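Below is one structure, written out as structure tokens; comments come after it.
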């Protein structure tokens, strides 16, 4: 995942985590944001 469409949907929804994850890079989220993301995106990473 570099710019996944799911991430774009959330970022368009106003999901700050996805907005950051997509644009600023997946590094820029904290564990809680990534963890929130894992729930929405179904991510195991």
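Residue numbers (PDB author numbering): 1 to 45. Beta carbons are placed, not taken as given, at the ideal position from N, Cα and C, and that holds for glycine.
With a threshold of 16 other beta carbon atoms within 10 Å, residue 29 meets it and is buried. The closest CA to that of residue 24, considering only 38, 7, 35, 40, is found on 7.
Its chain contains 18, 40 as the residues whose beta carbon lies nearer than 7 Å to that of residue 10, once the 5 sequence neighbours on both sides are disregarded; these appear in chain order. Straight through space, the alpha carbons of residue 37 and residue 5 are spaced by roughly 13 Å. The three-state secondary structure of residue 34, taken from DSSP, is helix.
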